[PDB]
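Residue numbers (UniProt numbering), protein chains in the order written: chain A, 27 to 753; chain B, 27 to 753. What follows is a set of notes on a single structure, which appears directly below.
Protein chains: 2
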Amino acid sequence: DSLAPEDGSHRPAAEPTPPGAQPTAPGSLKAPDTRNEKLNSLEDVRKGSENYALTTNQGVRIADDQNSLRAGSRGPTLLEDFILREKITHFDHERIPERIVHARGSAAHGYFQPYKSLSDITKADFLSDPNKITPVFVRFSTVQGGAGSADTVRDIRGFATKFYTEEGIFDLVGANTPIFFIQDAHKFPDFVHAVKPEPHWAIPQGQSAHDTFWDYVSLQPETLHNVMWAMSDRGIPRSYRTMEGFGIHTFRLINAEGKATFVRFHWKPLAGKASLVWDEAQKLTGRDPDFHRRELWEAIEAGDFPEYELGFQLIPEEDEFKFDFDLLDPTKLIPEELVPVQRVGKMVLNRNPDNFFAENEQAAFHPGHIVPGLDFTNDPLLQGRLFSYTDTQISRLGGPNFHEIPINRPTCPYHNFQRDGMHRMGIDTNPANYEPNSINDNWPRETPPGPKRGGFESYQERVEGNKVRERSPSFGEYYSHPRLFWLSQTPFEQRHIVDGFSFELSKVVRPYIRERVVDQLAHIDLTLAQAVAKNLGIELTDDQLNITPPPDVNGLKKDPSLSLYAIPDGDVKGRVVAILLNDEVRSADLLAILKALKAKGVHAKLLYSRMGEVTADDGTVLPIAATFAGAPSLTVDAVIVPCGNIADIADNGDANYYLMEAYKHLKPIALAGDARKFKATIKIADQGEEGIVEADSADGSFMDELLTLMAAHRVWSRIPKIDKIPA
Amino acid sequence: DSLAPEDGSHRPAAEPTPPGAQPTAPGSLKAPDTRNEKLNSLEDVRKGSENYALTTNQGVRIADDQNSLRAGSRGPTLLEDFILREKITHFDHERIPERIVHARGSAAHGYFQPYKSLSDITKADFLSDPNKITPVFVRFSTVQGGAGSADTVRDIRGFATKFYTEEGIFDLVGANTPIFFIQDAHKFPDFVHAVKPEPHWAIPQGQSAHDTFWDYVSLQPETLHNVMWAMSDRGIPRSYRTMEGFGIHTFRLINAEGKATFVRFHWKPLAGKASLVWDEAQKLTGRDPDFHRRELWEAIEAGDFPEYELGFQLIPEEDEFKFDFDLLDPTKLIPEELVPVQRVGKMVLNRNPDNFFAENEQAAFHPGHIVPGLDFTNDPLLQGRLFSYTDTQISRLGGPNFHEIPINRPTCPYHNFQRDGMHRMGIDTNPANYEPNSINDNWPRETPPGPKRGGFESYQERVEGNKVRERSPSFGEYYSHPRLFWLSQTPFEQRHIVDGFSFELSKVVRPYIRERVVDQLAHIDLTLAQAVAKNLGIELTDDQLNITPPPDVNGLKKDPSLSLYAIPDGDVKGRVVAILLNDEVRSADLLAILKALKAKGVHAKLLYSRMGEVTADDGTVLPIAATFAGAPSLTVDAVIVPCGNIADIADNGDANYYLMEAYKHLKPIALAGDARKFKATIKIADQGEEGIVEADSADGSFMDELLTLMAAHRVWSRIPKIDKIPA
Ligand code: HDD
Ligand code: HDD
C-alpha cells in the first residue's frame with residue numbers, strides 16, 4: 027500500500043543540488059556517474075532494492091511482514107516463526123564495538139593525484155606519476171566522544187586518509203594540529219582515560235573540561251603544546267573542509283637509490299582555515315549535534331568537493347639533530363619558517379558512501395599500513411601506535427579478516443599463506459598454505475626490493491643503545507612550543523585561547539588543579555597566565571611572576587603559519603547565508619541577492635516564522651527551508667534581511683534574536699531598506715558599523731560588501747561590542 | 027609520587043553533600059555505610075587502589091609506567107615489552123557493543139519494600155511481606171541515541187528495574203509512557219530503523235525529527251498514541267526523578283490458589299511530575315549533554331534519593347473484554363478513571379555505582395525474567411520481546427554467561443546443568459551435567475509449584491485458533507487513545523504538543539510526509555490538526571475538516587492523570603536555584619535566601635562574572651560556584667538576584683541574558699532591592715507580574731513567595747509574554 031507520492035518528490039534528483047534543495051541520499055544514487063577504481067570495486071557487494079521481493083536472509087519471500095505467527099490472532103507467538111526470529115536476531119546483533127578513540131566520525135570517498143613525480147625522494151608508487159590517480163576514503167572525527175556524541179565540541183579532530191595504491195594500502199592517519207599531547211605510546215591509555223568521561227559516573231561526554239583531564243595536564247607538562255592548540259579556535263573548526271591536516275610524526279621517504287629523507291605530512295584545506303567561536307560551537311552541539319557530518323555530506327552533494335593539498339616538510343638525514351627540539355618528538359612541531367611545506371598533490375572528496383555503517387563504521391585505518399618508498403622512525407608515540415591499530419580490530423571488526431570488509435579491501439592484488447579466521451570470505455585454492463613449498467612451486471612468491479613494484483624492505487637504520495625504558499633527554503622541554511604557538515596568534519585568537527582555558531578550568535571542581543595549570547601557564551607566558559588567573563580569581567605569586575620565559579624556537583619569536591587568521595586565506599564557495607523572509611518580499615532585492623550569491627558559489631537558506639510558502643511582491647512562490655528557531659544563525663555564516671513587509675517580522679522575537687546571535691558570533695549581517703530598523707535590536711551604530719551592511723536596497727554594491735565580509739569569515743573588530751548584548 | 031595536595035582537598039567527604047560542593051565519587055567511597063544485600067554481595071569483586079603497587083594484570087610490579095622499552099633512549103620500541111603490550115591490548119579492547127536501543131542510560135542502586143503482603147493476589151516472594159526488603163538496580167535511559175548521545179533530547183525514556191529477589195531476578199523493563207508505538211514485535215526493527223539515524227549518513231542523533239520517522243508514523247497509525255506522548259512535554263522530562271514509569275504490557279499475577287489477575291505496572295514519582303520546555307531541553311543538550319545523568323548522581327550524593335511508588339492496575343480475568351480497547355494491545359492505555367492504580371510499595375534509589383562500565387554498561391535487563399507469582403499474557407509486542415532480551419546479550423556481553431557478570435548475578439541460589447560457554451566463571455563440581463542422573467542422586471532437583479519457594483509453572487491459559495500471521499481486529503483502532511490524551515492535557519500542554527509536532531515536521535524535508543501526518547492528526551482532533559497545519563503553512567481540505575472524531579474511551583472525555591500538570595504534585599526538594607552575585611552583595615539577603623532554600627532542601631549555586639570569591643558588604647567571603655556562562659539558566663529551576671552593587675553586573679550581557687533565558691523558559695525569578703533594575707531587561711511593568719518575586723529586600727515573605735512558584739514548577743501564565751522577547 028503505502029506508496030510514493032504521485033509526483034515523485036520522494037526521490038532526490040540525481041544531480042548536484044544546494045544544501046536543503048533535495049533530501050540527501052546514498053552516494054551511488056545521488057551521483058551514479060561519479061566513479062573511481064575503489065568505488066567500482068565495491069559493486070560486488072552493493073545491493074539495490076527497487077522492484078525486488080522482500081525476503082528472509084535465506085532468500086525466502088515473505089508474505090506478511092506486519093505480524094508474528096501465533097495460535098489464533100490474539101494468541102501466543104509460536105517458536106516456529108523463523109521469519110520473525112531471523113528478523114529480530116539480526117536486529118539484536120546490529121551493534122559492533124565503537125572505536126576506543128575517534129568513535130564519532132564522518133567519511134567520504136575521493137581521489138588523489140600528485141602534482142609531479144616525486145621519484146627523486148621516494149619510490150612510493152602513488153607519488154610517482156602526475157597522471158596516476160589513487161582512490162581515497164577519508165574519515166574525519168573528534169577524539170573523546172562516543173559515535174553518538176556531538177560534532178562541534180572542543181576537541182582535537184582526526185583526519186585519516188586511506189590511499190588504495192597499486193602497491194598496497196597506505197593509511198595516512200593524522201589530526202588537525204601538528205603535534206599530539208604525549209610523547210610515548212605507553213602513556214596513551216592514561217591520557218585517553220584522563221580526557222574521557224570519568225569512570226565512576228561516565229561524565230562528561232566530548233569535553234575535556236573536567237577534573238581528570240586538567241589533573242593529568244597539570245602533572246604532565248609535555249601535553250601543554252597540544253593543549254594550547256585545543257584551547258585555541260583550532261579546537262572548534264567551522265567544517266572539516268576548513269581545518270589543516272597533519273601526520274604529526276616524522277616518517278621517512280625512501281627513494282630507489284636507498285636514500286632516506288625525513289618527512290612530516292601536511293594537508294592544506296583549499297577552502298581555507300576557519301573556526302567557530304566557543305559560544306556558537308557549544309550551542310551548536312545542542313541545536314545540531316550532526317553539523318559537521320551534515321555539512322560535509324551536503325558540500326559533496328552540492329559539488330563543493332572538499333579539496334586538500336598534500337604537502338611535505340622535508341629534512342635531510344644529516345639535519346636530524348640541527349634544531350633545538352628533537353625531530354622524533356611528537357609534542358614538537360616543525361615551524362614552516364624553518365622548513366617550508368613543499369606542495370605534493372591534491373585530494374578531492376567527491377562522493378558520499380551508500381551505507382554509513384558498512385563503509386564508515388567498519389573502515390579500519392592504521393598508521394602501520396605503509397608501502398615501499400615510505401618508512402617509519404623511532405618516534406616513540408608512532409612506535410607504539412604500530413602495535414595498536416591491528417590489535418584493536420580483532421574485537422572491533424570481529425577478527426583478522428577485517429581486510430575483507432569491502433571498504434577495507436585493497437584494489438591491488440593480495441595473496442599470502444594466511445588462512446581461516448572468523449568470517450573468512452576468500453576461498454583459497456592454493457595447494458600450499460605455507461612457504462617454502464614445492465607443491466605450488468613456491469607461489470605466491472617473495473619479491474626482492476627494487477625501484478618499482480618491489481617487496482618492502484626496512485631502511486637499515488643504525489640502532490645503538492641499551493634496552494632501557496627511558497625518555498630521551500632531548501624530549502624534556504615543554505614550554506618553548508606552547509609559547510611559539512601563543513605568540514603567533516592574533517590578539518583575538520589569544521583572547522579566545524584565554525577564554526577556552528578559563529572556561530575549562532572553571533569546570534574543574536578541585537581548585538588546586540586549576541592553580542597547578544595556571545602555574546604551568548606561567549612557564550609559557552605571563553600575559554597568558556595572568557589573563558587566565560584573573561578569570562579564575564587567582565593571584566599569581568611573586569615567584570610565578572618571575573619565571574623566565576622559555577627560549578625562542580631556533581630564533582623564532584613567531585610563525586604566522588600557526589595562526590588561523592593572521593594571513594588571509596578566505597574562500598566563500600560552499601558557505602551559507604540565512605535569508606530572513608517576510609510575507610511580501612521585495613523580489614528585486616531577492617534577485618540581486620541570489621545572483622550575487624550564486625556567482626560566488628555561496629548557498630542560501632530561506633527562513634520564515636512558519637514552514638510552507640511565502641509569496642513575494644511579484645507572485646514568486648518561495649518555499650521555506652526552516653523556521654527562525656528551526657535553523658538558528660549558528661548553522662549559517664552570515665544573515666541577509668531583504669526589504670518587503672518588515673512589520674510582519676519586526677516584532678518577531680525569534681527574528682530579532684536571530685540577528686543578536688549572529689551578531690554576538692561575529693557574523694556579517696546585511697540589512698536592506700526597512701530591514702535596517704533591526705539595527706536597534708543589536709543596539710549598535712547609527713551612522714553604520716564595520717560588519718553590518720546597509721543600503722536602501724540589495725544591489726551589486728550591497729552584495730559585494732557582504733561577500734567581502736564573508737571572505738574574511740568573521741567580524742573580529744566587533745569583539746569589544748559583544749559582551750554587553752544580552753544574547 | 028605523592029601528588030595529592032596536603033590538606034586533602036582532592037578527596038570528597040564521605041557524607042551527603044549538595045550538588046557541586048565536593049568532587050563526585052564512586053558510590054562505595056562516597057557512601058560506605060549505605061548497604062543492601064546486592065551491594066554487599068558485590069564486595070568479592072570490588073577492587074581498591076590506595077597503598078597498592080601498580081602491576082600488570084598478571085600481578086607483576088611495574089617500575090616505570092611512563093616509558094616503552096626501546097634500544098637506546100631514542101631507539102625503536104622492542105617487541106619484548108610485554109608491559110606496554112598488555113596495557114595497550116586492554117585499552118585496545120575496552121569497548122563492547124552498546125545496546126541496540128536505550129544505549130544512553132543512567133543507573134543506580136536501591137531498595138524496594140511492599141506496603142502490605144500481596145499474598146491474596148500473587149505468590150511472588152518479594153511482595154509477600156512488608157518487612158521483606160528487595161535490593162534493586164535501576165537504569166533510566168533514552169531510546170534512540172547512542173551511549174554518548176545527549177540526555178535532554180525529545181524521546182521516550184526507558185525505566186528498567188532489576189529486583190534481586192529471594193526466588194530469582196525479576197526485571198521490570200518499562201518506560202515513562204503507558205503505551206508503546208507498535209502493536210507486534212515483528213515490526214520493532216522497522217520502527218527502530220525509522221526513528222534511528224538514517225542509514226546513508228547516520229543523521230540525526232537523538233531525534234525523531236527526520237523524514238523516515240514521520241514516514242513510518244504516517245503509514246502506521248497505531249504509533250499515533252505514543253507519538254502524542256513524545257510530542258507533549260512528557261518527551262523532555264526535567265529529570266528521571268520527575269517522570270512516571272509504566273510496564274506498558276498487561277501481565278498476570280498468579281496467587282497460591284492458582285488464580286490469575288491481569289496487571290499493568292506503574293511507578294509514581296514521589297518528587298512529582300515535571301518536564302522542561304522544548305527550547306530549554308534542546309539548548310541543554312548543548313550546554314550539558316549529561317544533565318540527567320549528573321542530576322541523578324548528585325541527588326543521590328546529596329541524599330535526595332529518587333523515590334518511586336510501585337502501583338498496580340488490577341483487572342479480573344472476567345473483565346478481559348469489558349473495555350472499548352483490547353487489554354493485550356500495547357498501543358492502548360488503561361485510564362485510571364476506569365481502573366485505579368493500587369499502591370503496592372516504595373522504591374528508594376540511594377547509592378550510585380562504583381564503576382559505570384562494570385555495573386551500568388554491562389547490566390542486562392529482560393522482561394522475560396519473571397518469578398513464580400507472575401506470568402505473561404499474549405500481548406503480541408511483549409511476546410516477541412521475550413525472544414530478544416536473552417538473544418542480544420550473546421553479542422553485547424560476549425556470551426551466555428552474562429548472568430555471571432557481577433551486577434547481573436542473582437543474590438539467591440542458582441544451580442542447573444548448564445556448562446561452559448565463553449568467560450565461564452562458575453566451576454561446577456557436580457559429577458553430573460545432565461538430568462535425570464543417578465550419579466549425583468538427581469541434584470540439583472526440580473521443585474513442584476507451591477505457595478512459596480516452588481518451581482515455575484505457567485498459568486494454564488486456554489489457547490484456541492489457527493496458526494496465523496494476523497493482527498487481531500480488536501487492535502485496529504488508532505485515534506481514540508491519542509484523542510483521550512489530547513483532551514486530558516491543559517491548554518499550555520496542548521500548545522506544547524502542537525509546538526512539538528510543528529517543530530518536528532518542519533525538519534521533515536519531503537513536504538508530502540508533513541501533509542500525511544497532518545491528515546492523521548485530523549482523525550484525532552480538528553483543533554490540534556488545524557494548529558499544526560497553520561504552523562506548517564498547510565491548509566486542511568473541507569473533507570479533513572469534517573472527519574468525525576474518534577469515540578470517547580469507555581465514556582471518558584478526559585482523564586486528568588494523563589496530564590503532567592493538571593493536578594498539582596509539586597515537590598521542591600532537590601530543585602536548584604541560581605544566585606546572581608555582585609561584588610558587594612547585601613549579606614542579610616544572602617543569609618535569608620540561602621537558609622530558606624536549605625530549609626526546603628532546595629539547592630543553590632552562587633554565580634558571578636568570574637571564578638574565585640566575592641566579599642559581601644559585611645566582609646563575608648562568598649565562594650563562586652560558576653560563571654553566568656558556565657552554568658546557564660537551563661540547569662536551574664529558578665533565579666534570584668540579591669541586592670548589592672547591582673551596577674557591577676547591571677551592564678553585563680551574560681547576567682542580563684541569564685534572566686532573559688530563564689524568563690522565556692517560564693522559571694520563577696526573584697529580584698531584591700536594586701536587582702529590580704533588571705525588570706527592564708525582561709520587560710516587567712512597575713506594578714510587577716505573577717511569576718516575578720520583588721521586594722525591597724530578601725526578608726519577610728520574599729522566599730515563601732518564590733518557593734510557592736517553585737512548587738508550581740513553571741509560570742504557565744507567562745507563555746503569551748514570551749512570544750515576542752528576543753532570547
Ligand atoms: C597506542 C595507541 C595509539 C596512540 C598512541 C594513538 N592512537 Fe590513534 N587510535 C588508536 C590507538 C592509538 C586505536 C586504538 O588503534 C584506534 C582506535 C580504534 C582504531 O581503529 O584505531 C585509533 C584511531 C585513530 C584515528 C581514527 C581512525 C578512523 O577514523 O577510523 C585517528 C585519525 C587517530 N587514531 C589519529 C591519532 C593521532 C594523530 C595520534 C598521535 C599522533 C594517535 N592517533 C595516537
Ligand atoms: C523484540 C524486540 C523488542 C521490543 C518489541 C522492545 N524492545 Fe526493549 N529492548 C530490545 C528489544 C525489544 C533489546 C534489543 O533486546 C534490548 C537492547 C539492549 C538490551 O539489553 O535489550 C532492549 C532494551 C530496552 C530497555 C533498556 C534496558 C537497560 O536499561 O539496559 C528498556 C527500558 C526497554 N528496552 C523497554 C522496552 C519497552 C517499554 C518496550 C515496549 C514495551 C520495548 N522495550 C520493546
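Idealized CB from N, CA, C, for every residue including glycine.
Exercise. Identify each residue in the segment 182-215 of chain B for which the Cβ-Cβ distance to at least one residue of chain A is less than 8 Å, and report them in chain order.
Key: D210, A211, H212, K213, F214 and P215
Quiz item: So, is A51 (chain B) buried or exposed, given that buried needs 16 or more other C-beta atoms within 10 angstroms?
Solution: Your numbering for residue 51 (chain B) matches position 25 in the second sequence. Buried, since its Cβ has 16 or more Cβ neighbours within 10 Å.
Exercise. Within the same chain, show all residues whose beta-carbon is closer than 7 Å to that of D725 (chain A), passing over the 5 residues directly before and after it, in chain order.
Key: Indexing the first sequence from 1 puts residue 725 (chain A) at position 699. Taken in chain order, the residues that qualify are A618.
Quiz item: Using CA coordinates, which residue listed in A:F728, A:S727 and A:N682 is at the minimum distance from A706 (chain A)?
Solution: By one-based count along the first sequence, residue 706 (chain A) stands at place 680. The shortest C-alpha separation from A706 (chain A) is found at A:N682.
Exercise. Could you list the residues in the segment 665-685 of chain A with a C-beta less than 9 Å from some C-beta on chain B, going in chain order?
Key: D677, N678, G679, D680, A681, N682, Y683, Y684 and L685
Exercise. Tell me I114 (chain B)'s beta-bridge partners as DSSP assigns them.
Key: The residue you call residue 114 (chain B) lines up with position 88 of the second sequence. Partner(s): none; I114 (chain B) has no beta bridge.
Exercise. Could you tell me whether the Cβ atoms of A384 (chain A) and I433 (chain A) are closer together than 8 Å?
Key: Here the question's residue 384 (chain A) lines up with position 358 in the first sequence. Here the question's residue 433 (chain A) lines up with position 407 in the first sequence. Taking 8 Å as the Cβ cut-off, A384 (chain A) and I433 (chain A) qualify as a contacting pair.
Quiz item: With contact counted as at least three CB pairs below 8 Å, one residue from each stretch, are the segment 80-99 of chain B and the segment 493-501 of chain A in contact?
Solution: yes
Quiz item: Among B:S132, B:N427, B:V640 and B:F277, which one has its Cα closest to the Cα of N381 (chain B)?
Solution: Residue numbering aside, residue 381 (chain B) sits at position 355 when the second sequence is read from its first letter. The option with the nearest alpha carbon to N381 (chain B) is B:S132.
Quiz item: Which of helix, strand or coil does DSSP assign to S421 (chain B)?
Solution: Numbered from its first residue, the second sequence carries residue 421 (chain B) at position 395. It is helical.
Quiz item: Given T160 (chain B), which residues of its chain have a CB within under 6 Å of its CB, disregarding the five upstream and five downstream residues?
Solution: Stepping through the second sequence from its first residue, residue 160 (chain B) is reached at position 134. Correct list, in chain order: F138, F152, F189 and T191.
Quiz item: Roughly how far, in whole angstroms, is the beta-carbon of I114 (chain A) from the beta-carbon of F413 (chain B), given that I think they are within contact range, below 8 Å?
Solution: Start at 1 with the first residue of the first sequence, and residue 114 (chain A) comes out as number 88. Start at 1 with the first residue of the second sequence, and residue 413 (chain B) comes out as number 387. Indeed they touch by this definition, with Cβ atoms about 6 Å apart.
Quiz item: When we look at the beta-carbon of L302 (chain A) and count the other beta-carbons within 10 Å, is it buried (16 or more) or exposed?
Solution: The residue given as residue 302 (chain A) occupies position 276 in the first sequence. In summary, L302 (chain A) is buried, with 16 or more beta-carbon neighbours lying within 10 Å of its beta-carbon over all protein chains present.
Quiz item: Which of helix, strand or coil does DSSP assign to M254 (chain A)?
Solution: For this step, residue 254 (chain A) is matched to residue 228 along the first sequence. The answer is helix: DSSP assigns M254 (chain A) an H, G or I state.
Practice problem: Report yes or no: is there a C-beta of chain B within less than 8 Å of the C-beta of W227 (chain A)? | Solution: On the first sequence, position 201 is the one that residue 227 (chain A) refers to. Yes, contact with chain B.
Quiz prompt | Of the listed residues B:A753, B:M686, B:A655 and B:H629, nearest to residue 25 (chain B) (C-alpha basis) | solution = Nothing in the structure corresponds to residue 25 (chain B), since chain B is present only between 27 and 753.
Quiz item: Expressed to the nearest angstrom, what Euclidean distance is found between the alpha-carbon atoms of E687 (chain B) and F288 (chain A)?
Solution: As a first step, residue 687 (chain B) is located in the second sequence; it is residue number 661 there, counting from the start. As a first step, residue 288 (chain A) is located in the first sequence; it is residue number 262 there, counting from the start. About 55 Å.
Practice problem: Taking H629 (chain B) as part of the beta strand (DSSP E), name the residues at either end of that continuous run. | Solution: Walking along the second sequence from the start, residue 629 (chain B) turns up at place 603. Counting along the chain, the beta strand (DSSP E) containing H629 (chain B) begins and ends at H629 to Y634.
Exercise. Determine the direct distance from the alpha carbon of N62 (chain B) to that of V127 (chain B), and round the result to whole angstroms.
Key: As a working mapping, residue 127 (chain B) is identified with position 101 in the second sequence. As a working mapping, residue 62 (chain B) is identified with position 36 in the second sequence. Cα to Cα, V127 (chain B) sits roughly 30 Å from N62 (chain B).
Practice problem: Mind checking the segment 419-437 of chain A against chain B and listing, in chain order, the residues whose C-beta falls within less than 8 Å of any C-beta there? | Solution: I420, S421 and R422
Quiz prompt | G184 (chain A) - partner residues in DSSP beta bridges | solution = As a position in the first sequence, residue 184 (chain A) is number 158, starting the count at 1. According to DSSP, which records beta bridges pairwise, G184 (chain A) is partnered with A:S167 and A:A201.
Quiz item: Under a Cβ-count criterion, where at least 16 other Cβ atoms within 10 Å of its own Cβ denotes burial, should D210 (chain A) be classed as buried or exposed?
Solution: By 1-based counting over the first sequence, the position of residue 210 (chain A) is 184. Counting Cβ neighbours within 10 Å, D210 (chain A) comes out buried, since at least 16 surround it.
Quiz item: Cβ of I159 (chain B) less than 8 Å from any chain A Cβ?
Solution: Counted from its first residue, the second sequence places residue 159 (chain B) at position 133. No, its Cβ sits nowhere closer than 8 Å to a Cβ of chain A.
Quiz item: Between the segment 556-564 of chain A and the segment 329-342 of chain A, are three or more C-beta pairs nearer than 8 Å?
Solution: no
Quiz item: CB of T473 (chain B) to nearest heavy atom of ligand 1: below 7 Å?
Solution: For this step, residue 473 (chain B) is matched to residue 447 along the second sequence. No - ligand 1 has no heavy atom lying nearer than 7 Å to the Cβ of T473 (chain B).
Quiz item: Which two residues bound the contiguous alpha helix (DSSP H) that contains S506 (chain A)?
Solution: As a working mapping, residue 506 (chain A) is identified with position 480 in the first sequence. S506 to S514 is the span of the alpha helix (DSSP H), which, as asked, contains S506 (chain A).
Quiz item: So which residues on chain B does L245 (chain A) lean against when the C-beta distance must stay under 7 Å?
Solution: Counting from one through the first sequence, the residue named residue 245 (chain A) turns up at place 219. Those are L29, listed as they occur along chain B.
Quiz item: With a cut-off of 8 Å, does the C-beta of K299 (chain A) fall near any C-beta of chain B?
Solution: Start at 1 with the first residue of the first sequence, and residue 299 (chain A) comes out as number 273. Cβ-Cβ to chain B under 8 Å: no for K299 (chain A).
Exercise. Quickly, what does DSSP pair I605 (chain B) with across the bridge? List them, please.
Key: As a first step, residue 605 (chain B) is located in the second sequence; it is residue number 579 there, counting from the start. DSSP, once it has assigned bridges, lists B:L632 and B:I666 as partnering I605 (chain B).
Self-check item: Beta-carbon proximity list for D595 (chain B), same chain, < 7 Å, skipping 5 on both sides
Solution: For the purposes of this step, residue 595 (chain B) is taken as residue 569 along the second sequence, with counting starting at 1. For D595 (chain B), where only same-chain residues beyond five positions count, the Cβ hits under 7 Å are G298 and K299.
Quiz item: Counting only runs that start and end within the segment 561-613 of chain B, where is the beta strand (DSSP E) found for 3 or more residues in a row?
Solution: Listed in chain order, the complete beta strand (DSSP E) runs (minimum 3 residues) inside the segment 561-613 of chain B are 602-606.
Quiz item: What residues are listed by DSSP as bridge partners for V243 (chain A)?
Solution: Position 217 of the first sequence holds residue 243 (chain A). Per the DSSP secondary-structure output, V243 (chain A) pairs with nothing in a beta bridge.
Quiz item: Going by other Cβ atoms of all chains shown within 10 Å of its Cβ, with 16 needed for buried, is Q486 (chain A) buried or exposed?
Solution: Position 460 of the first sequence, counting from 1, holds the residue named residue 486 (chain A). With fewer than 16 other Cβ atoms within 10 Å, it is exposed.
Quiz item: Which residues in chain A sit within 7 Å of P58 (chain B), going by Cβ to Cβ distance?
Solution: The residue given as residue 58 (chain B) occupies position 32 in the second sequence. Chain A residues near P58 (chain B): none, gap ~14 Å exceeds 7 Å.
Quiz item: In this structure, does DSSP put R264 (chain B) in helix, strand or coil?
Solution: Stepping through the second sequence from its first residue, residue 264 (chain B) is reached at position 238. Residue state, collapsed to three classes: coil.
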